[PDB]
């Protein structure tokens, strides 16, 4: 029955999340702004651990440093008031007409110039609040048109931009690191660095890649219809899963930003299972919007569904891997053998074996049925009886 987020399951929420007034393509804000002091108070009280924020979430675009300083101060009084942390921080580069056509990769050069600056102004802040990850999400970087942007030129600029930021952090001797969060489309026709692989492949070209990793969003990859779990496992493979955005989505459509556990449930389980197994140590961060039909408490309800959800799955998959029956389904499915190396020690000398080609009996191997519809149904009950 009653799963309890304890500020140590590392649940953190982007200020923009519960803060979403409900304004959409086709309609008016269905709710009022929340004050970041108010937010922090209330996530603390649900068992949260921290907030994450875009510059503008905190500090409204007009920056009278006076005003500005008395924003951060108000903020910071809550963090200790409540004991909440700010793990991660980002820049808003997609809501001001300026950004119409990107930031790092905008056509005009002072827009690329402004945009770094805007961002360098907040890494610092990211530093001071002791965040340990600085995320970067393209948003206005792609092509609302067609051949309106030469993508290697553009891909040069992405690089230039990232290569300058890493230089600053190095220089200033800051203890952050970056996380490129890719997205297929919405709002630009086609966004640049559109999947965990792209982002991942891109990082390899940067001066110091050891500084850069990814920040995948469940629903973002779902939007190109891909296995998220498979994508995240690649990230982990690369030593690159530096942060995660947990939310729900229902297959290829606009960014929905549903509650976590909502949308694709089986993929939630398979996700969580993995995060629990591959030891992700990071912050179980949530980037969802409680829907706009959904009310002052609706926000929190939706906030909390987020946590009940990682917590049940976390469990159902726990009592899954530990099912003796289940562990004898897995071996039946030769998952132990996947785990063995194909050609070990001293040997590219499978060349000289017969048991491998000349003599190998295909139809023997042919005959052995994979035994996965049975493992699947063990995991479909969440073990036996009960679901998950």
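Numbering follows the first chain given and starts at 1.
For the pair 350-358 and 323-331, the mean B factor over Cα atoms is greater in 350-358. In this entry, 57-65 shows the higher mean Cα temperature factor of the pair 332-340 and 57-65. Take 153, 190, 207, 264 and read off each C-alpha B-factor from the entry; 207 has the highest. Highest CA B-factor among 141, 287, 160, 297, as stated in the entry: 297. Among the modelled residues of the chain, residue 107 sits in the highest third by CA temperature factor in this PDB entry. Among all modelled residues in its chain, residue 36 ranks in the lowest third by Cα B-factor.
When the modelled residues of the chain are ordered by their C-alpha B factor, residue 172 lands in the middle third. Ranked within its chain, residue 215 lands in the lowest third, by CA B factor from the PDB record. Ranked by Cα temperature factor within the chain, residue 271 sits in the middle third according to the deposited record.
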